[PDB]
$ cat upload.cif   # mmCIF, C-alpha atoms
data_coords
loop_
_atom_site.label_atom_id
_atom_site.label_comp_id
_atom_site.auth_asym_id
_atom_site.auth_seq_id
_atom_site.Cartn_x
_atom_site.Cartn_y
_atom_site.Cartn_z
CA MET A 1 0.00 0.00 0.00
CA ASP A 2 1.43 3.42 -1.09
CA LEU A 3 -0.42 6.07 0.99
CA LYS A 4 0.90 8.91 -1.20
CA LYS A 5 -1.71 7.82 -3.78
CA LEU A 6 -4.27 9.51 -1.48
CA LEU A 7 -2.71 12.97 -2.03
CA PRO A 8 -5.70 14.14 -4.19
CA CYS A 9 -8.12 13.35 -1.32
CA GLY A 10 -6.88 15.94 1.16
CA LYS A 11 -5.09 19.15 1.95
CA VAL A 12 -1.39 19.44 2.67
CA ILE A 13 -0.14 21.09 5.85
CA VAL A 14 3.46 21.91 6.67
CA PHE A 15 5.19 22.53 10.04
CA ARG A 16 8.54 23.99 11.04
CA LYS A 17 10.84 22.22 13.47
CA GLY A 18 9.42 22.47 17.02
CA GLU A 19 5.87 23.42 15.94
CA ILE A 20 2.91 21.58 17.51
CA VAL A 21 0.74 19.57 15.09
CA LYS A 22 -1.89 18.73 17.76
CA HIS A 23 -2.26 19.05 21.51
CA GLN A 24 -3.20 16.29 23.83
CA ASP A 25 -7.05 16.23 24.00
CA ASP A 26 -7.54 18.06 20.63
CA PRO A 27 -10.49 16.53 18.70
CA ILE A 28 -9.65 14.17 15.86
CA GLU A 29 -11.52 15.55 12.89
CA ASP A 30 -9.37 14.69 9.89
CA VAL A 31 -7.26 11.61 9.31
CA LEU A 32 -3.61 12.79 9.34
CA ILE A 33 -0.84 11.09 7.30
CA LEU A 34 2.85 11.97 7.64
CA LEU A 35 4.24 12.49 4.14
CA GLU A 36 7.74 13.68 4.94
CA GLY A 37 9.87 14.69 7.93
CA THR A 38 9.66 13.37 11.51
CA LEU A 39 7.16 13.81 14.35
CA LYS A 40 7.52 13.34 18.14
CA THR A 41 4.75 12.10 20.40
CA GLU A 42 4.88 13.32 23.99
CA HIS A 43 2.54 12.73 26.94
CA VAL A 44 1.77 15.75 29.12
CA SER A 45 1.51 15.12 32.84
CA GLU A 46 -0.59 16.75 35.53
CA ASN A 47 2.24 19.21 36.35
CA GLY A 48 2.96 20.38 32.77
CA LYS A 49 5.88 17.90 32.64
CA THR A 50 6.29 16.31 29.22
CA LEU A 51 7.59 12.83 28.36
CA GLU A 52 8.42 11.77 24.81
CA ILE A 53 6.84 8.44 23.87
CA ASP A 54 7.84 7.80 20.27
CA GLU A 55 8.91 9.11 16.91
CA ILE A 56 6.83 8.93 13.71
CA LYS A 57 8.60 8.48 10.36
CA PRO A 58 6.86 8.67 6.97
CA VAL A 59 4.57 7.37 5.54
CA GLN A 60 2.04 6.62 8.29
CA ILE A 61 -1.42 7.47 9.64
CA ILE A 62 -1.23 9.31 12.98
CA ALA A 63 -3.18 7.93 16.02
CA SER A 64 -4.99 5.49 13.77
CA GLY A 65 -6.64 3.49 16.57
CA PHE A 66 -8.20 6.66 18.06
CA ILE A 67 -9.77 8.12 14.90
CA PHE A 68 -13.07 6.23 15.05
CA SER A 69 -13.84 6.10 18.80
CA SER A 70 -16.76 7.86 20.43
CA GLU A 71 -15.57 11.44 21.16
CA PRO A 72 -12.25 10.95 19.32
CA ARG A 73 -9.22 12.81 20.74
CA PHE A 74 -5.45 12.88 20.28
CA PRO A 75 -3.99 11.06 23.36
CA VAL A 76 -0.61 12.87 23.16
CA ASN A 77 0.98 16.06 21.97
CA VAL A 78 2.18 15.63 18.37
CA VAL A 79 5.20 17.84 17.62
CA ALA A 80 7.41 18.36 14.51
CA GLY A 81 10.91 17.01 15.16
CA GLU A 82 12.01 18.56 11.89
CA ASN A 83 10.40 20.44 8.97
CA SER A 84 7.47 18.18 8.04
CA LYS A 85 4.43 17.80 5.76
CA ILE A 86 1.16 16.07 6.48
CA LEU A 87 -1.88 15.04 4.46
CA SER A 88 -5.22 15.80 6.06
CA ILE A 89 -8.27 13.88 4.76
CA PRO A 90 -11.85 14.53 6.01
CA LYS A 91 -13.13 11.58 8.05
CA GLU A 92 -16.22 11.05 5.83
CA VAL A 93 -14.10 11.00 2.70
CA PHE A 94 -11.65 8.58 4.38
CA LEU A 95 -14.62 6.25 5.09
CA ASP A 96 -15.73 6.47 1.42
CA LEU A 97 -12.21 5.47 0.32
CA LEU A 98 -12.19 2.49 2.73
CA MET A 99 -15.49 1.28 1.24
CA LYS A 100 -14.18 1.43 -2.34
CA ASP A 101 -10.64 0.00 -1.96
CA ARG A 102 -10.07 -3.39 -0.29
CA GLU A 103 -6.30 -3.10 -0.15
CA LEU A 104 -6.71 0.21 1.78
CA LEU A 105 -9.34 -1.23 4.13
CA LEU A 106 -7.10 -4.21 4.87
CA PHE A 107 -4.06 -1.95 5.37
CA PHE A 108 -5.98 0.31 7.80
CA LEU A 109 -7.53 -2.55 9.78
CA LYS A 110 -4.01 -4.14 9.95
CA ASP A 111 -2.49 -0.86 11.22
CA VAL A 112 -5.06 -0.48 13.98
CA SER A 113 -4.87 -4.19 15.00
CA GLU A 114 -1.06 -4.25 15.17
CA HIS A 115 -1.06 -1.17 17.41
CA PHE A 116 -3.72 -2.79 19.55
CA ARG A 117 -1.82 -6.08 19.87
CA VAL A 118 1.34 -4.29 20.94
CA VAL A 119 -0.35 -2.24 23.72
CA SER A 120 -2.34 -5.32 24.87
CA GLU A 121 0.75 -7.57 25.20
CA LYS A 122 2.68 -4.83 27.02
CA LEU A 123 -0.26 -4.35 29.41
CA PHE A 124 -0.45 -8.11 30.14
CA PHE A 125 3.33 -8.36 30.78
CA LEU A 126 3.16 -5.48 33.30
CA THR A 127 0.11 -6.94 35.20
CA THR A 128 0.70 -10.73 35.22
CA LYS A 129 3.79 -11.01 37.32
CA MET B 1 -26.63 -1.60 14.65
CA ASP B 2 -28.41 -5.00 15.10
CA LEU B 3 -25.74 -7.70 14.51
CA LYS B 4 -28.39 -10.46 14.31
CA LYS B 5 -29.14 -9.16 10.79
CA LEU B 6 -25.88 -10.89 9.75
CA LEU B 7 -27.28 -14.36 10.60
CA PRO B 8 -27.55 -15.33 6.86
CA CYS B 9 -23.81 -14.62 6.38
CA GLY B 10 -22.45 -17.37 8.61
CA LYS B 11 -22.82 -20.67 10.38
CA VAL B 12 -24.19 -21.10 13.87
CA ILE B 13 -22.22 -22.95 16.53
CA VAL B 14 -23.47 -23.92 19.96
CA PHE B 15 -21.56 -24.77 23.19
CA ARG B 16 -22.54 -26.38 26.48
CA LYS B 17 -21.65 -24.81 29.80
CA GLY B 18 -17.90 -25.20 30.47
CA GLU B 19 -16.96 -25.99 26.85
CA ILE B 20 -14.00 -24.14 25.28
CA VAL B 21 -14.83 -21.95 22.27
CA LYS B 22 -11.15 -21.18 21.50
CA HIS B 23 -7.78 -21.68 23.17
CA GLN B 24 -5.24 -19.03 23.74
CA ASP B 25 -3.04 -18.86 20.58
CA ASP B 26 -5.68 -20.49 18.28
CA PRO B 27 -5.70 -18.78 14.84
CA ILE B 28 -8.49 -16.30 14.17
CA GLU B 29 -10.04 -17.46 10.94
CA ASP B 30 -13.70 -16.51 11.21
CA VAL B 31 -15.23 -13.47 12.85
CA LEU B 32 -17.18 -14.75 15.89
CA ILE B 33 -20.33 -13.03 17.23
CA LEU B 34 -22.03 -14.03 20.49
CA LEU B 35 -25.75 -14.41 19.78
CA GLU B 36 -26.98 -15.74 23.10
CA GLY B 37 -25.61 -16.97 26.44
CA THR B 38 -22.43 -15.84 28.23
CA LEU B 39 -18.71 -16.35 27.60
CA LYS B 40 -15.68 -16.09 29.94
CA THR B 41 -12.25 -14.89 28.86
CA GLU B 42 -9.33 -16.30 30.82
CA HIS B 43 -5.57 -15.80 30.44
CA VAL B 44 -3.40 -18.91 30.78
CA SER B 45 -0.10 -18.46 32.57
CA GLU B 46 3.24 -20.18 32.14
CA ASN B 47 2.36 -22.76 34.84
CA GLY B 48 -1.08 -23.76 33.48
CA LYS B 49 -2.68 -21.36 36.01
CA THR B 50 -5.74 -19.61 34.63
CA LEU B 51 -7.06 -16.12 35.45
CA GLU B 52 -10.48 -14.90 34.33
CA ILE B 53 -10.33 -11.49 32.67
CA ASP B 54 -13.89 -10.68 31.64
CA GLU B 55 -17.34 -11.84 30.69
CA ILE B 56 -18.94 -11.43 27.24
CA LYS B 57 -22.70 -10.86 26.98
CA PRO B 58 -24.64 -10.82 23.70
CA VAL B 59 -24.59 -9.38 21.07
CA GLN B 60 -20.90 -8.70 20.43
CA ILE B 61 -17.93 -9.52 18.18
CA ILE B 62 -15.26 -11.54 20.01
CA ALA B 63 -11.62 -10.27 20.06
CA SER B 64 -12.48 -7.66 17.45
CA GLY B 65 -9.18 -5.76 17.65
CA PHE B 66 -7.18 -8.97 16.96
CA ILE B 67 -9.06 -10.20 13.87
CA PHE B 68 -7.12 -8.23 11.26
CA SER B 69 -3.53 -8.28 12.62
CA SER B 70 -0.64 -10.04 10.91
CA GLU B 71 -0.77 -13.68 12.12
CA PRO B 72 -4.08 -13.19 13.98
CA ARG B 73 -4.55 -15.21 17.20
CA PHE B 74 -6.95 -15.36 20.13
CA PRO B 75 -5.06 -13.75 23.10
CA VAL B 76 -7.09 -15.65 25.75
CA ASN B 77 -9.04 -18.82 26.30
CA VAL B 78 -12.71 -18.23 25.43
CA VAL B 79 -15.02 -20.49 27.47
CA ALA B 80 -18.84 -20.90 27.66
CA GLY B 81 -20.11 -19.70 31.04
CA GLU B 82 -23.51 -21.10 30.15
CA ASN B 83 -25.18 -22.78 27.13
CA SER B 84 -24.34 -20.39 24.29
CA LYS B 85 -24.63 -19.80 20.52
CA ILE B 86 -22.23 -18.02 18.23
CA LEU B 87 -22.29 -16.79 14.64
CA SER B 88 -19.18 -17.54 12.62
CA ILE B 89 -18.60 -15.46 9.46
CA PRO B 90 -15.65 -16.07 7.06
CA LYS B 91 -13.16 -13.20 7.21
CA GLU B 92 -13.38 -12.47 3.45
CA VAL B 93 -17.15 -12.32 3.58
CA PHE B 94 -16.97 -10.06 6.67
CA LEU B 95 -14.71 -7.68 4.66
CA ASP B 96 -17.23 -7.67 1.76
CA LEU B 97 -20.01 -6.72 4.21
CA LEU B 98 -17.90 -3.87 5.66
CA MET B 99 -17.36 -2.50 2.14
CA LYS B 100 -21.09 -2.49 1.34
CA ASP B 101 -22.62 -1.19 4.62
CA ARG B 102 -21.41 2.10 6.16
CA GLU B 103 -23.31 1.68 9.41
CA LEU B 104 -21.55 -1.71 9.91
CA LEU B 105 -18.12 -0.32 9.01
CA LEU B 106 -18.60 2.55 11.46
CA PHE B 107 -19.86 0.19 14.17
CA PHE B 108 -16.85 -2.15 13.72
CA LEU B 109 -14.27 0.65 13.62
CA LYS B 110 -15.96 2.12 16.77
CA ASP B 111 -15.79 -1.26 18.55
CA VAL B 112 -12.09 -1.71 17.82
CA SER B 113 -11.23 1.93 18.72
CA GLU B 114 -13.11 1.87 22.04
CA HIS B 115 -11.31 -1.32 23.06
CA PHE B 116 -8.03 0.26 22.04
CA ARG B 117 -8.67 3.48 23.99
CA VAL B 118 -9.51 1.54 27.13
CA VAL B 119 -6.32 -0.60 27.07
CA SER B 120 -4.19 2.46 26.16
CA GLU B 121 -5.49 4.60 29.07
CA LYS B 122 -5.07 1.72 31.52
CA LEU B 123 -1.49 1.20 30.28
CA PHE B 124 -0.66 4.92 30.71
CA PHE B 125 -2.12 5.02 34.26
CA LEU B 126 0.02 2.03 35.30
CA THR B 127 3.28 3.46 33.80
CA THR B 128 3.10 7.23 34.51
CA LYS B 129 3.23 7.32 38.26
#

$ encode --input "upload.cif" --output "structure tokens"
Amino acid sequence: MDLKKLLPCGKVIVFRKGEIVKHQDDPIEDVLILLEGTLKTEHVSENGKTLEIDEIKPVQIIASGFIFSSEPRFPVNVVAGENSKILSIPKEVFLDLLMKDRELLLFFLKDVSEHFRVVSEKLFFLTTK
Amino acid sequence: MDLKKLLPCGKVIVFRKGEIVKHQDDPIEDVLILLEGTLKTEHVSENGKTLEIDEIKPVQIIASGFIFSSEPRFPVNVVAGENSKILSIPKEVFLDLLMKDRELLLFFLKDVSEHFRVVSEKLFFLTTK
């Protein structure tokens, strides 16, 4: 699956190094795909204290497992680690694309399931001594 | 969404109280939906020692977030808590249904995302002191 084929479906947004793409708790309205550059994900704690969680390299959907929840929200700050560009597709349009392209649907469901499996296994290892 | 509308799409399988529906590590081949009864999910530890995790009441997809991973596998034993009946739909057919019915697609993506959000938030609370 080459996600750059979806370029016609959305707008392009660019960020300078150190700019915030989304804040923790911001609503997820569009599906965001990192086209080029590097992002950092960082969790904000009760005291303002930030902890970096991961990096995102291209080409990937951001916070894929959170897009379609009830009251969908970014769980972390998303910050540009370097000059970056993102594709932003409206949720309703992204659904239409899923319905028309099996390879995309499969890719997306695979992305969400792999992220789920990873968090689930980690959670079991930390709670079953 | 009324999942019983998918009855024509699959076979029905019944289990007596105490029977095992799937073992931990069994491949996920069909999408399983609990129609009636009650299931128990139990994690099996290195020593044979079992711990119950949850109950499943009807009508729900079983292990929804695991269906579409690479090398998909049931993460827990699934056991009948009482006489139960399940609908079993072939994965390829379930994909076809998703592509043709928006309300189903949305329901499914919502189910997987809500389960993800819950495990993610639990994992953060246990690792960010």

$ resolve_selection --input "upload.cif" --expression "the PyMOL selection byres ((chain B and resi 77-92) around 7)" --output "MDAnalysis selection string"
chainID B and resid 7 9:24 29:43 76 93:96

$ resolve_selection --input "upload.cif" --expression "the PyMOL selection byres ((chain B) within 10 of (chain A))" --output "ChimeraX atom specification"
/B:43,45,51,64-73,75,95-102,105-117,119-124,126-129

$ write_last_selection --input "upload.cif" --atoms "C-alpha atoms" --output "PDB file, in the frame of the given file"
ATOM      1  CA  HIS B  43      -5.570 -15.800  30.440  1.00  0.00           C
ATOM      2  CA  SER B  45      -0.100 -18.460  32.570  1.00  0.00           C
ATOM      3  CA  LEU B  51      -7.060 -16.120  35.450  1.00  0.00           C
ATOM      4  CA  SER B  64     -12.480  -7.660  17.450  1.00  0.00           C
ATOM      5  CA  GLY B  65      -9.180  -5.760  17.650  1.00  0.00           C
ATOM      6  CA  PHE B  66      -7.180  -8.970  16.960  1.00  0.00           C
ATOM      7  CA  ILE B  67      -9.060 -10.200  13.870  1.00  0.00           C
ATOM      8  CA  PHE B  68      -7.120  -8.230  11.260  1.00  0.00           C
ATOM      9  CA  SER B  69      -3.530  -8.280  12.620  1.00  0.00           C
ATOM     10  CA  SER B  70      -0.640 -10.040  10.910  1.00  0.00           C
ATOM     11  CA  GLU B  71      -0.770 -13.680  12.120  1.00  0.00           C
ATOM     12  CA  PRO B  72      -4.080 -13.190  13.980  1.00  0.00           C
ATOM     13  CA  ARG B  73      -4.550 -15.210  17.200  1.00  0.00           C
ATOM     14  CA  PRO B  75      -5.060 -13.750  23.100  1.00  0.00           C
ATOM     15  CA  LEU B  95     -14.710  -7.680   4.660  1.00  0.00           C
ATOM     16  CA  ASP B  96     -17.230  -7.670   1.760  1.00  0.00           C
ATOM     17  CA  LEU B  97     -20.010  -6.720   4.210  1.00  0.00           C
ATOM     18  CA  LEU B  98     -17.900  -3.870   5.660  1.00  0.00           C
ATOM     19  CA  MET B  99     -17.360  -2.500   2.140  1.00  0.00           C
ATOM     20  CA  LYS B 100     -21.090  -2.490   1.340  1.00  0.00           C
ATOM     21  CA  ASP B 101     -22.620  -1.190   4.620  1.00  0.00           C
ATOM     22  CA  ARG B 102     -21.410   2.100   6.160  1.00  0.00           C
ATOM     23  CA  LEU B 105     -18.120  -0.320   9.010  1.00  0.00           C
ATOM     24  CA  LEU B 106     -18.600   2.550  11.460  1.00  0.00           C
ATOM     25  CA  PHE B 107     -19.860   0.190  14.170  1.00  0.00           C
ATOM     26  CA  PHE B 108     -16.850  -2.150  13.720  1.00  0.00           C
ATOM     27  CA  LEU B 109     -14.270   0.650  13.620  1.00  0.00           C
ATOM     28  CA  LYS B 110     -15.960   2.120  16.770  1.00  0.00           C
ATOM     29  CA  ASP B 111     -15.790  -1.260  18.550  1.00  0.00           C
ATOM     30  CA  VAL B 112     -12.090  -1.710  17.820  1.00  0.00           C
ATOM     31  CA  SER B 113     -11.230   1.930  18.720  1.00  0.00           C
ATOM     32  CA  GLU B 114     -13.110   1.870  22.040  1.00  0.00           C
ATOM     33  CA  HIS B 115     -11.310  -1.320  23.060  1.00  0.00           C
ATOM     34  CA  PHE B 116      -8.030   0.260  22.040  1.00  0.00           C
ATOM     35  CA  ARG B 117      -8.670   3.480  23.990  1.00  0.00           C
ATOM     36  CA  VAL B 119      -6.320  -0.600  27.070  1.00  0.00           C
ATOM     37  CA  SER B 120      -4.190   2.460  26.160  1.00  0.00           C
ATOM     38  CA  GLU B 121      -5.490   4.600  29.070  1.00  0.00           C
ATOM     39  CA  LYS B 122      -5.070   1.720  31.520  1.00  0.00           C
ATOM     40  CA  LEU B 123      -1.490   1.200  30.280  1.00  0.00           C
ATOM     41  CA  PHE B 124      -0.660   4.920  30.710  1.00  0.00           C
ATOM     42  CA  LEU B 126       0.020   2.030  35.300  1.00  0.00           C
ATOM     43  CA  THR B 127       3.280   3.460  33.800  1.00  0.00           C
ATOM     44  CA  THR B 128       3.100   7.230  34.510  1.00  0.00           C
ATOM     45  CA  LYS B 129       3.230   7.320  38.260  1.00  0.00           C
TER      46      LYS B 129
END

$ axis_aligned_box --input "upload.cif" --around "region 110-125 of chain B" --padding-each-side "3 Å" --output "JSON"
{"center_x": -8.3, "center_y": 1.7, "center_z": 25.5, "size_x": 21.3, "size_y": 12.7, "size_z": 23.5}

$ atom_distance --input "upload.cif" --atom1 "CA of residue 44 (chain B)" --atom2 "CA of residue 59 (chain B)"
25.2 Å

$ atom_distance --input "upload.cif" --atom1 "CA of residue 25 (chain A)" --atom2 "CA of residue 61 (chain A)"
17.7 Å

$ atom_distance --input "upload.cif" --atom1 "CA of residue 52 (chain B)" --atom2 "CA of residue 118 (chain A)"
20.8 Å
